[PDB]
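Student: Sharing a structure, written as structure tokens. Questions coming.
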Amino acid sequence: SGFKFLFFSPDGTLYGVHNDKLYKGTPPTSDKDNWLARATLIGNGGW
Amino acid sequence: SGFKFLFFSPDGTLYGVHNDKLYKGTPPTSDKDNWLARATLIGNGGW
Amino acid sequence: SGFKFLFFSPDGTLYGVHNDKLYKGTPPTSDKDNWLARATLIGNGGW
Amino acid sequence: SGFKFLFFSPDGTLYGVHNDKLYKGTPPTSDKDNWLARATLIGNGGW
Amino acid sequence: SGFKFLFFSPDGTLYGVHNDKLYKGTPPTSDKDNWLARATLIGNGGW
Ligand SMILES: CC(=O)N[C@@H]1[C@@H](O)[C@H](O)[C@@H](CO)O[C@@H]1O
Ligand SMILES: CC(=O)N[C@@H]1[C@@H](O)[C@H](O)[C@@H](CO)O[C@@H]1O
Ligand SMILES: CC(=O)N[C@@H]1[C@@H](O)[C@H](O)[C@@H](CO)O[C@@H]1O
Ligand SMILES: CC(=O)N[C@@H]1[C@@H](O)[C@H](O)[C@@H](CO)O[C@@H]1O
Ligand SMILES: CC(=O)N[C@@H]1[C@@H](O)[C@H](O)[C@@H](CO)O[C@@H]1O
């Protein structure tokens, strides 16, 4: 329901591990931005 | 209570997760600076 | 299972500590990429 | 009594949370450098 | 044993906290590199 890791790449992409899955995307623009709903799934487990 | 994550973007802005919410702001320069009060709330839950 | 540390170097390489071993590699861009099966093992224990 | 967070800004300034307080300074130069004694206190609580 | 923190400075140098002491060094490029044995001790305790 939260993140295990949450961190930036050098180009300013936000990375996060949520429910053992790896996600990336531009950081949220405002508090109504549903970041997890639009982040790119780049890893399907094991993180 | 405290922060679960506290980290920089490569652009120099400080980010923090506090009570499952996501905040960003220029880092504080003195302890007279209540950072959490002037930080931009960019995530209302789920972090 | 999963990582204990997961973080970028400033040149864009992803690093991870997994089962006390250190791994590095380009970050995944697809969840078809089994990152840990192709990451370079750079530390065999003690991490 | 140790740090809870310890991390770099993009210009190379070290940040640390110690006893719920936020500190910053140039990173320690050597083991004779008492970093915590010379670091700037930039946050007096809540970290 | 192991690391409490393990992170990069923006100049590419790897930092690690091991048994309350702070180390820095160029990151390992193979698992034959005993990183901790060659790392520079930059803090003798309190991390
Ligand atoms: C930690 C790691 O490398 N996890 C990957 C996962 O991201 C990926 O989706 C899957 C594809 O089969 O392989 C591995 O499980
Ligand atoms: C992890 C994540 O994406 N959290 C967001 C939250 O920050 C945002 O306030 C909310 C608005 O709909 O959507 C999601 O819950
Ligand atoms: C924390 C650390 O420096 N670990 C290294 C390990 O990565 C490496 O495989 C081994 C080489 O013999 O030496 C050390 O144990
Ligand atoms: C988490 C946070 O923003 N803490 C700050 C603290 O650093 C600062 O010294 C104080 C000033 O009144 O305000 C807040 O408590
Ligand atoms: C957290 C911190 O600043 N630790 C330092 C330690 O690294 C250093 O070796 C010593 C020098 O006397 O002073 C402090 O204990």
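Ordering of the structure tokens sets the chain letters (A, B, ...); residue numbers start at 1 within each chain; ligands are numbered from 1 in the order shown.
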Taking the DSSP assignment computed from this structure's backbone, write out as a ChimeraX atom specification all residues of chain B that belong to helix (DSSP H, G or I).

Tutor: /B:35-38

Student: Could you write those residues out with N, CA and C atoms, as a CSV table (one decimal), in the first residue's frame?

Tutor:
```csv
chain,number,residue,atom,x,y,z
B,35,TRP,N,10.3,23.4,7.6
B,35,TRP,CA,10.3,22.9,6.2
B,35,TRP,C,8.9,22.3,5.8
B,36,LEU,N,8.4,21.5,6.7
B,36,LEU,CA,7.2,20.8,6.3
B,36,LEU,C,6.0,21.7,6.1
B,37,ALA,N,6.0,22.9,6.7
B,37,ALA,CA,4.9,23.8,6.6
B,37,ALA,C,4.9,24.5,5.3
B,38,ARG,N,6.1,24.9,4.8
B,38,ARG,CA,6.2,25.6,3.5
B,38,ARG,C,6.5,24.6,2.3
```

Student: Identify, counting only C-alpha atoms and all ligand atoms, the protein, DNA and RNA residues located within 8 Å of ligand 1, and give them as a PyMOL selection string.

Tutor: (chain A and resi 21-22+42-47) or (chain C and resi 2-3+28+30-37)

Student: Print the selection's residues with N, CA and C atoms to a file, as a short mmCIF file (atom, residue, chain, number, x, y, z; two decimals), in the first residue's frame.

Tutor:
```
data_model
loop_
_atom_site.label_atom_id
_atom_site.label_comp_id
_atom_site.auth_asym_id
_atom_site.auth_seq_id
_atom_site.Cartn_x
_atom_site.Cartn_y
_atom_site.Cartn_z
N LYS A 21 7.05 -4.66 -7.05
CA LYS A 21 7.13 -4.28 -8.45
C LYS A 21 7.88 -2.96 -8.58
N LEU A 22 8.58 -2.79 -9.69
CA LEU A 22 9.38 -1.59 -9.96
C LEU A 22 8.64 -0.68 -10.93
N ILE A 42 8.09 -1.33 -14.90
CA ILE A 42 9.33 -1.82 -15.50
C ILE A 42 9.85 -3.07 -14.82
N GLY A 43 9.14 -3.60 -13.82
CA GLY A 43 9.54 -4.84 -13.18
C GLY A 43 8.37 -5.47 -12.45
N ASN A 44 8.07 -6.73 -12.75
CA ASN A 44 6.81 -7.36 -12.36
C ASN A 44 6.89 -8.17 -11.07
N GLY A 45 7.95 -8.05 -10.30
CA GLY A 45 8.12 -8.82 -9.09
C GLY A 45 9.58 -9.00 -8.77
N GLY A 46 9.85 -9.42 -7.53
CA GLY A 46 11.20 -9.71 -7.09
C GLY A 46 11.99 -8.52 -6.58
N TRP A 47 11.38 -7.34 -6.49
CA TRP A 47 12.12 -6.15 -6.05
C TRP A 47 11.92 -5.91 -4.57
N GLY C 2 13.83 -9.89 -2.99
CA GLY C 2 13.83 -8.45 -2.97
C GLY C 2 15.17 -7.91 -2.53
N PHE C 3 15.27 -6.59 -2.59
CA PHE C 3 16.51 -5.88 -2.37
C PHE C 3 16.53 -5.24 -1.00
N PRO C 28 16.04 -1.42 -15.87
CA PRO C 28 15.11 -1.99 -16.86
C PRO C 28 14.22 -0.91 -17.44
N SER C 30 11.56 -2.38 -19.46
CA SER C 30 10.49 -3.32 -19.76
C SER C 30 10.39 -4.35 -18.65
N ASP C 31 9.17 -4.74 -18.28
CA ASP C 31 9.08 -5.83 -17.31
C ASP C 31 9.32 -7.20 -17.95
N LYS C 32 9.60 -7.25 -19.25
CA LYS C 32 10.14 -8.46 -19.86
C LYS C 32 11.62 -8.67 -19.53
N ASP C 33 12.28 -7.64 -19.00
CA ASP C 33 13.69 -7.70 -18.64
C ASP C 33 13.81 -8.30 -17.24
N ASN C 34 14.43 -9.48 -17.15
CA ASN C 34 14.75 -10.09 -15.86
C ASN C 34 16.08 -9.49 -15.42
N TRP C 35 15.99 -8.38 -14.68
CA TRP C 35 17.17 -7.59 -14.35
C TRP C 35 18.19 -8.42 -13.58
N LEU C 36 17.75 -9.15 -12.57
CA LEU C 36 18.71 -9.83 -11.72
C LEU C 36 19.39 -10.98 -12.45
N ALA C 37 18.75 -11.54 -13.48
CA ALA C 37 19.33 -12.60 -14.29
C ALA C 37 20.38 -12.10 -15.26
#
```

Student: Give me the RMSD in Å over all C-alpha atoms, paired in order, after least-squares superposition of chain B onto chain D.

Tutor: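 Once chain B is overlaid on chain D, the RMSD is 0.4 Å.
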
Student: For residue 9 of chain A, list every protein, DNA or RNA residue within 10 Å, evaluated using only C-alpha atoms, and leave out those in the same chain fewer than 4 positions away; present the list as an NGL selection string.

Tutor: (:A and (13-15 or 24)) or (:B and (9-10)) or (:C and (7-14 or 27))

Student: So which residues of chain B fall under strand (DSSP E or B) by DSSP, listed as a PyMOL selection string?

Tutor: chain B and resi 5-8+14-18+21-25+40-43

Student: How many Å separate atom CA of residue 18 of chain B from atom CA of residue 40 of chain D?

Tutor: 22.7 Å

Student: Using Å and a single decimal, report how far atom 1 (C, counted along the ligand's line) of ligand 4 sits from atom CA of residue 16 of chain B.

Tutor: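 The value is 9.2 Å.
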
Student: Env of residue 39 of chain C: 8 Å cut, atoms = only C-alpha atoms, seq-sep filter 6 positions within chain, self excluded. Answer as a PyMOL selection string.

Tutor: chain C and resi 23-26

Student: Between atom 15 (O, counted along the ligand's line) of ligand 4 and atom CA of residue 41 of chain D, measure the distance and give it in Å to one decimal.

Tutor: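 Atom CA of residue 41 of chain D lies 12.5 Å from atom 15 (O, counted along the ligand's line) of ligand 4.
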